[PDB]
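A.B. asks: I am attaching a structure below and will ask some questions about it afterwards.
Counting neighbours? That spans all protein chains shown, and the Cβs are built from the backbone with ideal geometry, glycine included. Basis: the model, the stated rules and, where named, an outside source; none is laboratory data.
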Amino acid sequence: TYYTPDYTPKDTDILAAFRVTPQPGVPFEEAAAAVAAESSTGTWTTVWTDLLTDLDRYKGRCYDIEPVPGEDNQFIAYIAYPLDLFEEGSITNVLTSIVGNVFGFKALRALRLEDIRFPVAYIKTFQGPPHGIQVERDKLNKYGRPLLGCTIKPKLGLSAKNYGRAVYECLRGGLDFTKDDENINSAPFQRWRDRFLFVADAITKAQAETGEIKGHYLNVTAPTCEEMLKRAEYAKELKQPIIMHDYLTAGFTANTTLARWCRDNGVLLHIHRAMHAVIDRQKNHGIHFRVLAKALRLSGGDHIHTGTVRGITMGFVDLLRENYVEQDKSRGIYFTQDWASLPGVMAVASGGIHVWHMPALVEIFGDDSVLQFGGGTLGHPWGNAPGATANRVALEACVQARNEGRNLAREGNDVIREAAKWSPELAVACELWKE
Amino acid sequence: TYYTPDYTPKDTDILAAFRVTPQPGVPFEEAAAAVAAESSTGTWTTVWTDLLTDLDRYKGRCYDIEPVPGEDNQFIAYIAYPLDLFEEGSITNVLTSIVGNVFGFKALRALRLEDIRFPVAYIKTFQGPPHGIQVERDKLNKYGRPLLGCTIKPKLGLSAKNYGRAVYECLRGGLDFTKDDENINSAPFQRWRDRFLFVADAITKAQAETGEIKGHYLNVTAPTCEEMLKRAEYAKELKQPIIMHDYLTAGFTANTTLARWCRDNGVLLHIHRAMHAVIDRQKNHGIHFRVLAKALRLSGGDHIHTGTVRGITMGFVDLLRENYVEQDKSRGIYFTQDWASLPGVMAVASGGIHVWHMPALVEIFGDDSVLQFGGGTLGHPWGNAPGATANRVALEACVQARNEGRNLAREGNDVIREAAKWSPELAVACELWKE
Amino acid sequence: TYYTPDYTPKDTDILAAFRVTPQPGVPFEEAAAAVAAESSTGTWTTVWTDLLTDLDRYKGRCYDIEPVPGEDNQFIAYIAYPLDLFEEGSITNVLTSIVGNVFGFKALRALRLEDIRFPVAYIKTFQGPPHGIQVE
Amino acid sequence: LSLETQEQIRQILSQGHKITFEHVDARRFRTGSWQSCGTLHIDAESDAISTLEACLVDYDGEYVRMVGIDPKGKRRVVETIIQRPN
Amino acid sequence: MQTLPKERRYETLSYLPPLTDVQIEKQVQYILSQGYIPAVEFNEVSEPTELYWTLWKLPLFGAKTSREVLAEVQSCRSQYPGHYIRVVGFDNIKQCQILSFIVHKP
Amino acid sequence: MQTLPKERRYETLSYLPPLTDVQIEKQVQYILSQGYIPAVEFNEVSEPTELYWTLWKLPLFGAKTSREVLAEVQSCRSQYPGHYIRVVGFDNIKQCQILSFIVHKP
């Protein structure tokens, strides 16, 4: 009474794709009816209270089973959940109802949520991104090109003043942004309020110098919800265009009250994807990143870490930027998702890239993305200021070559070496980070 | 006991003029006594509780019946209401007591309120306009001439930034004001807070350029009373001299708490007359606009849309501006209204006018009015900045000609054409919008 | 460019029924395209700013005309408005955008809104009744 | 079985879609709670007209309606009420 | 098509070509004809934020002809060549300025 | 080792050596090829705080070849030599500027 194949999904309904590995001697029908039941109005026994409420209308049910090719006791399950049973404008409930305790079931060894479709009716209740891509470019006055960020190294050690100067030299060369590390909060060695005051002196300095709008992501992530709002009251007070938060670690409810506040005040929020690798790593167990990416877009967020490069990564990148995306099973997308005019989230590329990966990342990610160099700028032979001008000239070279109409897959190593002739700073960096 | 012709109206009494069309077989006396009763202490039966309260003192009564010339079962009814029974400083009550459910009476097919007189004693309880004309000219430093506004087209479509630039080019040419459309609220495509931030950048830009005080009406109209006040907290914060509201659609109580707030903070309020045409259109049924114009002046409002041209329109225009206005039946005014030092409201003329209607509108409306060009400025062959300079030079030509002592009815086409000789921008616009 | 009969209404769209009485000498097509225009992204002249925003996507359009039986210059107009252009959880906007100043148009003597359909997607944004019958 | 019924039957099955017919008594129609009757995912005209006359008679005095189902994921394309209660 | 040049503008009657001394006489004739009180004002710098200029002598309460206001204009122009000067018209019934236009630039 | 000199920079394509009139032609060819609307903008002073420049004529809605955009560039260069000028490209589907680069310095 949970497994019903004949059922045809409605438009106002949330649909999910589960990769199921049952215990041997367990049929393909019963283990499918058990996760469809245990997520929504499911109980191990028949109880008398089920005859007063209408169970047929509310119940989630499995309508389609597809066996995974070249895999034994491995098949894809399609379950449909009526729209009414979830609360309005809360990721916390949709997360809680579906993927609650269907995991760690005795009937099955391994379980993995692959994808999740949102009907448009449900999409409307949320705020979504406080700004989006189109809005964000307009506040910063930057067009044509991918935006350039920088992570200060080392992660923990520097004083509040030393942090303030290491940030000053980087934006001076010609970086758009600078970034705080994901584990710096209110460490004893540098308190947050001191770090917040010295970074304020270095942005105004390099702003009046180069003559461009500069920024720095001020990590706001705090243990309690008072502290978080109170730290943010101070960033608004020093006229900071951007701050940043880790959503997975603080929780969805922490991330929610923030985004409402951020739309209230017109500050752009960066989101780091800290602690992602423990859930989405295993191909048999966990939840796929694309589910969490949607959940982020809906919670709200102007930027998001996507990870560096392939067929799978462009699946959930075009899923966060485009208004309408089509079902493509090879890419990794199981359902047709339609966003109701909701603004797009900008892709952030960070983690071990130098001036030779420069042709590869402008072509794949395109124009609406942020390129972030942790080790690639500071570790320049000549310091932070020459290391910045190195990465700036190398981006602008590939963007000019692309417009005129050159393939950057073919002439990728060619444009970097021409540019290396008239600029001294790129000649010493081409030498160091070789092939 | 409701129809008493011998009655002579007192000074502390509110008087009303109704155009009545009875059902055939209904005398002229009973249908007049029925609308005089059903608005105030009226019941279909004799009840016992009427012998404890003094009915004679409180009751409204019809004192004069005038048959409409050239009309069968059509006559003007004059009813007088004692001053005591209405609550103090509330349009909501006066609207509720009189024109409540006397409409949709079975005894009569059609009913129309023509006019409404306010005794001076009742007028004193209200705040009225937060500033008025004299006050408003003094904050903006503009004398001699009618003021020039612009409506951005299209109504819904543009991004928050594109709106910001389309407003920048218009005030640069030399318009006084720019204006938001009556249906733009918090649409998904541009959120209010983003629109509020970009318009702030473009005003400060064109202020430091041309060297004049510039403004833009920021539509504040919101679904709830918290949101409305909270959006306005933000407009005060960016130092905006003007905002605007639709009073009919939001209701009189919404419009009231606002006006109190606006006098508290020294912000000038524009009022759009959206949804007027459904009530005041029919000559047999509804309420005449002059009643609603009075109701606005008392509620409060620094500007008001009067509509483009004739004998009727100048009736309720001189009624909103003048301190003392006399009874004129040909003009359309039934009663002697006397305002107790209450400041005047400035006339706003908007809806389908070009540079050739320029002579006609300065003469009829006079000096204390706002002339607004929706389609006439943007649709210029050369863009928004030349289209603005076109309408500016055409106004200043007619104002100079008027002072020297030329009739603008005879020499109206003449002054527009001799101005077209030394300015290139008016020569291409004279070409386009012809006769 | 406002009157398009071939158009088939979507599910996420607000639809309206108007009883129209035009001024004599006014065709049945132009007075229908005029109330479909003047309520949403409508202007009496062609302006240059319309070539930067995508007008085709946002515009409300009349897809069906039905003549009223036993009535001369009286017909029912069916206009479809894309979902995006209204603000969320506010009657104030939907009332303002549609029945704003399409009334008191010179091209037509009398005008009456008969009915209004809400797509389910739009209905979800509101609180609606604080309790309802069952609760009460 | 009207001329409108068999053209829609033919229009549904000319798309490659499958037909499902559903009934409802007057009371549960309030809440839009219909159910399947006969054989689901019908892919030919004669199976459609046979179980249509089975369900017109099996649930006479109830609503009956025909569904056009795209077999790709079982997506509901077109819904039309054939029979209404007396 | 033509692009609109950047110009610093000066309130009323600034978009019209600079006024001849005859055009000046007709506009002040209009002030005395309506019965308003014409006066002369000067300031060093012209900005949208400041709303009070330095008053020249008194409002000429006893003004019969438009030539007595022109002679007050030339004596101030002579005294302050490097000042902005404008002529205003006070009304005494409605308590407001009717006309405000700039005659001499530094 | 070398210390980085202090330079005032001008948004996109300013770290590359000043553009030749052929490199100018290839970048506007890319604007008309993708189907976007190329336009000319000028301003007196270049600062990070101001985000609206004075628009030159109209956006050229009817642009077939990249040479018609170059002739509009040289006529503004001739009119205002002591102005900052840049060419932008409006998109009509996504409602946003794709490209913004500075061609002439005062």
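A.B. asks: Test B:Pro69 against the criterion of being surrounded by fewer than 19 Cβ atoms within 10 Å (Cβ to Cβ) and within 35 Å of the chain's Cα centre (by Cα), and give yes or no.
C.D. replies: In short, yes.
A.B. asks: Tell me the residue from B:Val370, B:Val325, B:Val362 that is out of contact with any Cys (no Cβ under 8 Å at 6 or more places or on another chain), closer than 30 Å to C:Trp48 by Cα and in the same structural domain as B:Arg290 (by CATH), please.
C.D. replies: The conditions single out B:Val370.
A.B. asks: Looking at (1) outside any helix (DSSP H, G or I); (2) out of contact with any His (no Cβ under 9 Å at 6 or more places or on another chain); (3) within 16 Å of D:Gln83 (Cα to Cα); (4) hydroxyl-bearing (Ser, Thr, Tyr), can you tell me which one D:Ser50 breaks?
C.D. replies: (1)
A.B. asks: Quick test for you: out of C:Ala16, C:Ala32, C:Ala80, pick the one residue that is touching a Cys at 6+ places or on another chain (Cβ under 7 Å) and either at the interface with chain B (Cβ under 7 Å from one of its Cβ atoms) or farther than 30 Å from F:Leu55 by Cα (or both).
C.D. replies: C:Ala32
A.B. asks: Mind listing whichever residues of segment B:111-137 are within 14 Å of another protein chain (Cβ to nearest Cβ) and not in a helix (DSSP H, G or I)?
C.D. replies: B:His131, B:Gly132
A.B. asks: Further question: Report, by residue number, each residue of segment F:42-64 that is within 15 Å of F:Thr12 (Cα to Cα) and surrounded by 15 or more Cβ atoms within 10 Å (Cβ to Cβ).
C.D. replies: Scanning segment F:42-64 gives F:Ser46, F:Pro48, F:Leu51.
A.B. asks: Moving on. Give the residue that is surrounded by the most Cβ atoms within 10 Å (Cβ to Cβ), with candidates limited to residues of segment A:265-281 that are outside any strand (DSSP E or B) and among the β-branched types (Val, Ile, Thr).
C.D. replies: A:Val267
A.B. asks: Here is a further query. On the given criteria, is E:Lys94 touching a helix residue (DSSP H, G or I) at 6+ places or on another chain (Cβ under 7 Å), surrounded by fewer than 16 Cβ atoms within 10 Å (Cβ to Cβ) and closer than 30 Å to B:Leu342 by Cβ?
C.D. replies: yes
A.B. asks: Considering each residue of segment D:25-47, count those that are within 14 Å of chain A (Cβ to nearest Cβ), out of contact with any helix residue (DSSP H, G or I) (no Cβ under 9 Å at 6 or more places or on another chain) and not in a loop (DSSP other than H, G, I, E, B), and give that number.
C.D. replies: Selection size over segment D:25-47: 1.
A.B. asks: Anything in segment A:142-157 that is over 22 Å from the mean Cα position of the chain (by Cα) and over 21 Å from A:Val393 (Cβ atoms)? List them, or say none.
C.D. replies: A:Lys153, A:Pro154, A:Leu156, A:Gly157
A quick yes/no check of all residues on (1) in the same structural domain as B:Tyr81 (by CATH); (2) within 22 Å of B:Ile287 (Cα to Cα); (3) loosely packed, with under 12 Cβ neighbours inside 10 Å; (4) not small (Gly, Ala, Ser):
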site: B:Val26; (1), (2), (3), (4): yes, no, no, yes
site: B:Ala34; (1), (2), (3), (4): yes, yes, no, no
site: B:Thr45; (1), (2), (3), (4): yes, no, yes, yes
site: B:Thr49; (1), (2), (3), (4): yes, no, yes, yes
site: B:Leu52; (1), (2), (3), (4): yes, no, yes, yes
site: B:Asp56; (1), (2), (3), (4): yes, no, yes, yes
site: B:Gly60; (1), (2), (3), (4): yes, yes, no, no
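A.B. asks: Ok, one more. Among the listed residues C:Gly104, C:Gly70, identify the single one that is in a loop (DSSP other than H, G, I, E, B) and either facing another protein chain (nearest Cβ under 8 Å) or within 20 Å of C:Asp11 (Cβ to Cβ) (or both).
C.D. replies: Among C:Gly104, C:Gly70, only C:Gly104 is in a loop (DSSP other than H, G, I, E, B) and either facing another protein chain (nearest Cβ under 8 Å) or within 20 Å of C:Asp11 (Cβ to Cβ) (or both).
A.B. asks: Within segment F:12-22, restricting attention to residues that are more than 7 Å from every other protein chain (Cβ to nearest Cβ) and in a loop (DSSP other than H, G, I, E, B), which residue is farthest from A:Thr389 (Cα to Cα)?
C.D. replies: Only one residue tops the list, namely F:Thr20.
A.B. asks: For a quick check of your reading of the model, give me the residue pairs whose first member lies in segment B:355-379 and is within 14 Å of chain C (Cβ to nearest Cβ), whose second is outside any helix (DSSP H, G or I) and basic (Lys, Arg), with beta-carbon atoms closer than 9 Å and at least 6 apart or on different chains.
C.D. replies: Short answer, once both residue conditions are applied: B:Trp356/B:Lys434; B:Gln372/B:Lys179; B:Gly374/B:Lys153; B:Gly374/B:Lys179; B:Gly375/B:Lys153; B:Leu378/B:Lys153; B:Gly379/B:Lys153.
A.B. asks: Does E:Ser100 satisfy being within 30 Å of B:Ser341 (Cβ to Cβ), surrounded by fewer than 17 Cβ atoms within 10 Å (Cβ to Cβ) and within 9 Å of chain B (Cβ to nearest Cβ)?
C.D. replies: no
A.B. asks: Exactly one of (1) surrounded by fewer than 20 Cβ atoms within 10 Å (Cβ to Cβ); (2) within 8 Å of chain F (Cβ to nearest Cβ) is unmet by A:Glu418. Its number?
C.D. replies: (2) is the only condition that A:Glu418 fails.
A.B. asks: Which ranges mark the strands (runs of 3 or more DSSP E) fully within segment F:23-101 that have 3 or more residues being among the hydrophobic types (A, V, I, L, M, F, W, C)?
C.D. replies: F:37-43, F:84-91
A.B. asks: When only residues in segment B:380-406 that are facing another protein chain (nearest Cβ under 10 Å) and of a type in the set (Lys, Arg) count, which is surrounded by the fewest Cβ atoms within 10 Å (Cβ to Cβ)?
C.D. replies: B:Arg402
A.B. asks: Just give me the residues in segment B:200-241 being in contact with a strand residue (DSSP E or B) (Cβ under 6 Å, 6 or more places away or on another chain), under 30 Å from B:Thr92 (Cβ atoms) and buried (at least 21 other Cβ atoms within 10 Å of the Cβ), in sequence order.
C.D. replies: B:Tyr217, B:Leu218, B:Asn219, B:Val220, B:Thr221, listed by residue number.
A.B. asks: Oh, and also: Which is more than 7 Å from every other protein chain (Cβ to nearest Cβ), more than 15 Å from the chain's Cα centre (by Cα), small (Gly, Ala, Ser) and farther than 26 Å from A:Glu209 by Cβ, of F:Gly89, F:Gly35? Quick ask: steps written out before the conclusion?
C.D. replies: Numbers: F:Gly89 fails: more than 15 Å from the chain's Cα centre (by Cα).
Unique residue meeting the criteria: F:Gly35.
A.B. asks: Let me ask you something else. Do we find that A:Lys230 is on the phi > 0 side of the Ramachandran plot and over 17 Å from the mean Cα position of the chain (by Cα) in this structure?
C.D. replies: Details: on the phi > 0 side of the Ramachandran plot: no; over 17 Å from the mean Cα position of the chain (by Cα): yes.
The answer is no for A:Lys230.
A.B. asks: Taking only segment A:421-433 into account, find how many residues are assigned to a helix (DSSP H, G or I) and either crowded, with 17+ Cβ neighbours inside 10 Å or within 11 Å of another protein chain (Cβ to nearest Cβ) (or both).
C.D. replies: The number of residues fulfilling the criteria is 7.
A.B. asks: Same structure, new question: For segment B:192-227, which positions are aliphatic (A, V, I, L, M), farther than 20 Å from B:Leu148 by Cβ and under 25 Å from the mean Cα position of the chain (by Cα)?
C.D. replies: B:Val220, B:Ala222
A.B. asks: Only one of B:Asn323, B:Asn284 is in contact with an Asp or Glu (Cβ under 9 Å, 6 or more places away or on another chain), surrounded by fewer than 19 Cβ atoms within 10 Å (Cβ to Cβ) and not hydroxyl-bearing (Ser, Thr, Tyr). Can you tell me which?
C.D. replies: Going through B:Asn323, B:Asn284 in turn, just one is in contact with an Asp or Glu (Cβ under 9 Å, 6 or more places away or on another chain), surrounded by fewer than 19 Cβ atoms within 10 Å (Cβ to Cβ) and not hydroxyl-bearing (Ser, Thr, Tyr): B:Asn323.
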